[PDB]
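Form deposited in one PDB entry, single chain, as structure tokens, below.
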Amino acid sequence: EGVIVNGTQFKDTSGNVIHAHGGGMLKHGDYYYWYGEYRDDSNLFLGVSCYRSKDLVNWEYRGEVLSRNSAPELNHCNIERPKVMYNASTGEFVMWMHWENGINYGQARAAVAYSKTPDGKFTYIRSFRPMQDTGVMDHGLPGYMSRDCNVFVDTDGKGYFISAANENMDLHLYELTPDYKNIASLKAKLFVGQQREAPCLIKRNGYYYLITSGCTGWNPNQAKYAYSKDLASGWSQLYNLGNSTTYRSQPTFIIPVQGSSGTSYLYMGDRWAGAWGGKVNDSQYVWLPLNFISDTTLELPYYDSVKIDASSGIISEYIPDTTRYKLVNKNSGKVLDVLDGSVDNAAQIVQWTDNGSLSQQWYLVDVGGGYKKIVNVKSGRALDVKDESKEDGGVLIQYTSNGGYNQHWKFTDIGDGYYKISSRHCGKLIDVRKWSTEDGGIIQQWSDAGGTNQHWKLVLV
């Protein structure tokens, strides 16, 4: 039962709430290590917890790899978004983070630590504003400002540290020295004046991807991403990821989960309790699979429950009720299907002859109220009203799950095993365009006209 429930606080094997907010993860040896920070009673840096696991669902407490006792300046300060990276050369784990006074946010500086072991007590080094010796001034103080940060290890073995500089208006990508413990140079300035936060740097197939968020404090916002063949330059524009609130969370880290079947990229986020006036320690977590439609097209769907099999390297949606269904039209006798049985995103939904194919099989996931999710079997995509249309003739397609109301459907029994499937967005029924009775008939959205082309029978398979 390797299933995770988003919007909650995961519990470790001990039965206690996991506290690794704004944390990250590292895959070394046979274990996945989850680092993170958490405040105390005075909302100050208490410690950087570390959790270990092989299945990525059951986490074991390993203590604080970093504490407020590890250093004199760690006593009364703010530490958030701590990330850990491994060095093949040295053989030691280097840890980066964001440091503040605890009184204010004027000291936008980065902090560094390291240890010979992953779950061992780290030794704090120093806190500083990158390029301090260069003499450069960034808003009153020497050295580039450094708040929200993250680490990345390239294929060539070069370490990288990224953080928000120039009052969180610009992103600075710093190249680290071979030891990962110092900054070697300023690789490039990314997305200037665009004010992107909570950056996550990853790589797939010679393509670098940068998942960022907006700057609106606790309030969740529209997450975005970009790609490039080179870190120095060639970066694309910003493309929206997830919904308008990133499913009520903020991106924190993204790691490749490799297994026998292949590689599935895992997304980590934080549902900050600050949104509803709660303390940082009451923040929940949101884990979702990061899917790659193409080298240039990314997808971040929202599953209320996610199943993970680290061994095989598969991250997909968890369906509570695996019961398969066929939706047969009363008028045509055809069943609900996907055009050309495609698994592509935004694929047109059409009616087709009952041929017992996968494309014609659908799950039904309850999502509160009298509404449900109609999910295709051949493709985990959900039945969706294109562009959240509220007009007659509005085409229906299969799209990535995004918790949108244009993906919620209510079944209204009309008798004899037939239903009127209305959308939650406007209330219009699933309709076969122009009363079509042939294969390829466009499935659309239309007002309840009492027509038989709007009536569907639910059949178990």
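One-based numbering along the sequence shown.
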property	result
30-38 versus 394-402 - greater average Cα B-factor per the deposited record	30-38
Mean Cα B-factor comparison, 155-163 or 385-393, giving the higher one as deposited	155-163
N221, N331, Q351, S261, ranked by C-alpha B-factor: the highest one	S261
Residue with maximal Cα B-factor (values as given in the PDB entry) among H408, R433, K428, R52	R52
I18, C-alpha B-factor rank within chain (lowest, middle or highest third)	highest
Chain third (lowest, middle, highest) by recorded CA B-factor, residue given as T296	middle
Modelled-residue ranking by C-alpha temperature factor, third containing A347	lowest
Chain thirds of CA B-factor: placement of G369	middle
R81 CA temperature factor, ranked by third within the chain	middle
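This next part talks about the form deposited in another entry, which is not shown.
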property	result
Location of the hinge, rigid-body rearrangement between the shown form and the other one, from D179, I319, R424, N75	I319
